[PDB]
Amino acid sequence: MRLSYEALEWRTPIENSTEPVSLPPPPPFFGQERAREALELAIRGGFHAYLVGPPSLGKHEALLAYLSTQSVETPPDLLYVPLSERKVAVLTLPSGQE
Amino acid sequence: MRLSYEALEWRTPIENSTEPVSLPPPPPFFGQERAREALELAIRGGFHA
Amino acid sequence: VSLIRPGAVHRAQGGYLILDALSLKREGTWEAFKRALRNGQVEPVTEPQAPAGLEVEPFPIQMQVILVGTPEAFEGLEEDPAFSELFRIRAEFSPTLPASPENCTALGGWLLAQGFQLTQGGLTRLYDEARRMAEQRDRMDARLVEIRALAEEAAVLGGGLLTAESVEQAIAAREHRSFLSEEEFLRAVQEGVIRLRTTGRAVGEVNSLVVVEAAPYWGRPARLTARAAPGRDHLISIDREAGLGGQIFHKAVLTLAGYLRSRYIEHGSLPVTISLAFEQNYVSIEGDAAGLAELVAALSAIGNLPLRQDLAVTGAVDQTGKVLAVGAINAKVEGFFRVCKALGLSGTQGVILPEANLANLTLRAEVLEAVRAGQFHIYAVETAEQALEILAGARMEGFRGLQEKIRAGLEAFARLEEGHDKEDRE
Amino acid sequence: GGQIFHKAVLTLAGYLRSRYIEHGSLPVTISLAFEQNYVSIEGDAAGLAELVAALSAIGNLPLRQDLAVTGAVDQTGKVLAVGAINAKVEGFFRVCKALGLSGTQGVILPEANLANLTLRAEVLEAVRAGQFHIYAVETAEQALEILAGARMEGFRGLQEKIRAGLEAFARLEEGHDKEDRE
Amino acid sequence: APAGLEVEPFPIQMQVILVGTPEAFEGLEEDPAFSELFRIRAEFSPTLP
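Residue numbers (PDB author numbering), protein chains in the order written: chain A, 1 to 98; chain B, 1 to 49; chain C, 294 to 719; chain D, 538 to 719; chain E, 343 to 391.
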């Protein structure tokens, strides 16, 4: 059958090409409910996750933006203690005790 | 069909050869409009071309 | 102990260590990393000519590791069962987002946060181009950096403000910067080096549409010729026999052979040998998008049907005759439109594309304007029979029909085989 | 032989099978050989040459050795453009000059290569003097007509002679089968 | 060296303009990061009108 122009037009109509718009920033992983839920679970449980996506999806940047909003207890001041002149170990202390 | 000699000539005829030609230097990327415009865009935007 | 430099693992404690799977796989440090995660062994590396070292006590790990990588980068990494055991949570990004006002607003907000100042026209054009990149009409490309790069080019070319004209200029320049191959092909076609007929009718010739497998995927018609000769049942794909056809192309040719063999049952084996050749090809054809084109070409060769050269036929076909969807339909249709425009639009050129690609048609402004004026047509077919009716300008049913003409052609070829074999016997 | 050469040979076979359907199949086995070759050839620029050679072999048509033939041919029998046309034409001119110009040697090249004909000087003065000819063809039928020096249509034409040769080969195959069966 | 220098890196303000034959980039365009980094393509037409 011959396709009419009406059934072929796809461009969303433009009612004004001026008046610059001001829109609120979207939450990280917008339209990516699967990845955002997986990362919510990984953060909640402390599991090691891994992000998968075709390249140029900005996985590295949204992930950092999403993690920056997170809240965690103050990380302990880990420090190397010499158990001898030959052996050293990594020791974690509460913040400010180092 | 046989091709006549007039249909096989391609060399531009020479009218004079004793006078040394004098011409101004061509702009960079002459004939290369696409490359020149691509570099213009890269320089204007600071992209990596 | 005072000379131990902390690494990424040491400053990731109590937090998250973001890594690229490419670097872990490429640098041979995947084994050491999984050993640090499983056994809690983090030893500061030392140059190979070291006098001695420090026997670092095993170090419990309190971090979360979030690998980031392409699916191809991880497919080289699930081969180790330790990867499945350690990284249990799989966060996967959909290549496309649904096309909706909510996602348009989200894209606008994201681009505004990125620093661009969007007019409504510019945002709408960027969202439409995202849908075009996704190749869908109801889905938009989820590759936000690609859209950000296009937005940056639009800002540069428009003066910093993203208007519809600026985004159109950016897209036009993006097409024009990689247009050299298409310019060369169009010049060759105009000069006559690559002979493509976009007007008139010819028998056994179909302007099959192919996609160049390099650069921006430019579509371009490649004339296909089918020759029906009496002989043993054999569908000869010249490109496949010469080695220019891939696995999928060979599967498509075999599927066409099966459809032809099973469709016409009035003799024994199919009484014709069909030679399908992509003229002027000289390259490897490893896709299945010409199945319908070469099928209608074979049918025309069998039946001596004069096929219209205005219409370019694309789309795969199964062995029951039904046209299946193909990808990159936008590229094929726009390439054929470019080739028609170079030779001049006669007001009857068109493209025959599968009915399943109604949702994959995101044609440019020029193609849609040509369709509006009637200078370019788009035909949607569900079965190969409809494609043949549209090409030959007749109907299979009824007398003087295409089906009866194909039957008559097959009967003539079978009679020629009969005559030769009887002459052999007598 | 490269993949393109095999494609050209298959295209030639398809053209021969489709054009001559007077019998249930092409009743001739044609062997095409580039003699004194000893090196792989990968292009399809010889499609028209081997097509006219095979047609002459079928029809017992004596082709002129004065004219060289270049250019690919599709299944429709339309001569296709080929690259390095200047190199081929000048090479044949050098060979003709070394063996002495007889005033009739020439080259048959596709009509689509007229834009690509940028020949050396000596070839051009040879053409001026009438010592070298360049024939542009767009159909293998025209190339065969020029080589064999006869019109394809009509009585005592090349087409009828090709059909007669094919008929003779078919009748001898028929005689073989009939004798063997009986 | 026994004790190296932990040189902290510096911001980049340069623009990179690679030059190469089409097949020199054919082995380099298959890297997905190349497309994202180098956006502007400057094509040189091998023949001029």
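C-beta atoms are modelled at their ideal positions from N, C-alpha and C, and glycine is treated no differently.
Going straight from the alpha carbon of residue i to that of residue j, what length do you get?
i	j	result
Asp581/C	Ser4/B	47 Å
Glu690/D	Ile699/D	11 Å
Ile354/E	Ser474/C	34 Å
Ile487/C	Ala609/C	25 Å
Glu711/C	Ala507/C	49 Å
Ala621/C	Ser577/C	18 Å
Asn623/D	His713/D	48 Å
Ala618/C	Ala652/C	10 Å
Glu678/D	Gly643/C	32 Å
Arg319/C	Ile43/B	34 Å
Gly538/C	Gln573/C	14 Å
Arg601/D	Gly637/D	16 Å
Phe380/E	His48/B	5 Å
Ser295/C	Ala447/C	53 Å
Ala705/D	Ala591/D	16 Å
Which residues of chain D have a Cβ atom closer than 8 Å to the Cβ of residue i, listed in chain order?
i	result
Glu9/B	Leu661
Can you pull the chain E neighbours of residue i, defined as C-beta to C-beta under 8 Å?
i	result
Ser56/A	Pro374, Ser377 and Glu378
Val438/C	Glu378
Please list the partners that residue i has in chain C, where partner means a Cβ-to-Cβ separation under 8 Å.
i	result
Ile382/E	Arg470
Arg34/B	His469, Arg470, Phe472 and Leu473
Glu365/E	Chain C residues near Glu365/E: none, gap ~10 Å exceeds 8 Å.
For residue i versus residue j, is the C-beta spacing smaller than 8 Å?
i	j	result
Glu385/E	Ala35/B	yes
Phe669/D	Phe630/D	yes
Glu675/D	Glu648/D	yes
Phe542/C	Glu579/C	yes
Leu454/C	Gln462/C	no
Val503/C	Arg516/C	no
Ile14/A	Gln413/C	yes
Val606/D	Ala635/D	no
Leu553/C	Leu528/C	yes
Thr363/C	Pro54/A	yes
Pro24/A	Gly402/C	yes
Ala457/C	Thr398/C	no
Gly308/C	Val72/A	yes
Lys87/A	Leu443/C	no
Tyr66/A	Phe30/A	no
Could you list which residues in chain E have their beta carbon closer than 7 Å to that of residue i, in chain order?
i	result
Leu41/B	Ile382
Would you mind telling me which residues of chain B sit closer than 9 Å to residue i, beta carbon to beta carbon, in chain order?
i	result
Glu446/C	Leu41, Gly45 and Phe47
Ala673/D	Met1, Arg2, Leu3 and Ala7
How close, in whole Å, do the beta carbons of residue i and residue j come, if the pair is a contact with beta carbons under 8 Å?
i	j	result
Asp717/C	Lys715/D	7 Å
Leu310/C	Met356/C	5 Å
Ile558/D	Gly702/D	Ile558/D to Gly702/D, Cβ: 15 Å. No contact.
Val335/C	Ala329/C	5 Å
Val660/C	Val482/C	Between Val482/C and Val660/C the Cβ distance is about 18 Å, and since that is not below 8 Å, they are no contact.
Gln407/C	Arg441/C	6 Å
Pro599/C	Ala685/C	7 Å
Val361/C	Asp313/C	6 Å
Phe367/C	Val21/A	In fact, because the Cβ distance is near 38 Å, the residues do not count as touching under 8 Å.
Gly561/D	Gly485/C	About 37 Å separates the two Cβ atoms, so there is no contact after all.
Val438/C	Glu378/E	6 Å
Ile531/C	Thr548/D	6 Å
Could you list which residues in chain D have their beta carbon closer than 9 Å to that of residue i, in chain order?
i	result
residue 265/C	The question about residue 265/C has no answer, for chain C in this structure spans 294 to 719.
Please find out if some non-hydrogen atom of the ligand HEM comes closer than 7 Å to the beta-carbon of residue i.
i	result
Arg688/D	The ligand HEM is not part of this structure, which contains no ligands at all.
List the residues of chain D that residue i touches, going by C-beta distances under 7 Å, in chain order.
i	result
residue 264/C	No information on residue 264/C is available, as it lies outside the stretch 294 to 719 that chain C covers here.
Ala521/C	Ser555
Just to make sure I have the definition right: I need the residues of chain B whose C-beta is within less than 7 Å of the C-beta of residue i. Which are they?
i	result
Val449/C	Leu41, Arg44 and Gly45
In chain C, which residues lie with their C-beta within 7 Å of the C-beta of residue i?
i	result
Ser17/A	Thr412, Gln413, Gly414, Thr456 and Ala457
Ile541/D	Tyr575
residue 132/A	Summary: the structure shown does not reach residue 132/A, with chain A confined to residues 1 through 98, and so no result is reported for it.
Residue i touches chain C at which residues, Cβ-Cβ below 9 Å?
i	result
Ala649/D	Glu484, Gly485, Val486, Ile487 and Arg488
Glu350/E	Chain C residues near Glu350/E: none, gap ~13 Å exceeds 9 Å.
(request) Output the residue ranges of the beta strand (DSSP E) runs that lie fully inside the stretch 330-364 of chain C and measure 3 residues or longer, sorted by chain position. (result) Counting only runs of 3 or more, we get 357-362.
(request) For the stretch 526-557 of chain C, list the beta strand (DSSP E) runs that are entirely contained and at least 3 residues long, ordered along the chain. (result) If we require 3 residues or more, the beta strand (DSSP E) runs fully inside the stretch 526-557 of chain C come out as 527-530.
(request) Note down, one range per segment and in chain order, each alpha helix (DSSP H) of at least 4 residues found wholly within the stretch 376-409 of chain C. (result) Fully enclosed alpha helix (DSSP H) runs of 4 or longer: 394-406.
(request) Note down, in chain order, all residues in the stretch 19-32 of chain B with a beta-carbon under 8 Å from any beta-carbon belonging to chain H. (result) Of the protein chains in the structure, A, B, C, D and E, none is chain H.
(request) Kindly provide the ranges of any beta strand (DSSP E) runs that are 3 or more residues long and lie completely inside the stretch 480-519 of chain C, ordered along the chain. (result) Listed in chain order, the complete beta strand (DSSP E) runs (minimum 3 residues) inside the stretch 480-519 of chain C are 494-496 and 498-504.
(message) I'd like the ranges of any alpha helix (DSSP H) spanning at least 4 consecutive residues and lying wholly in the stretch 637-700 of chain D.
(response) DSSP runs (the alpha helix (DSSP H)) wholly in the stretch 637-700 of chain D: 658-666 and 677-685.
(request) Pick out the complete beta strand (DSSP E) segments inside the stretch 585-626 of chain C, 3 residues or longer, and give them in chain order. (result) Those beta strand (DSSP E) runs which fall completely within the stretch 585-626 of chain C and span 3+ residues are 599-601 and 604-606.
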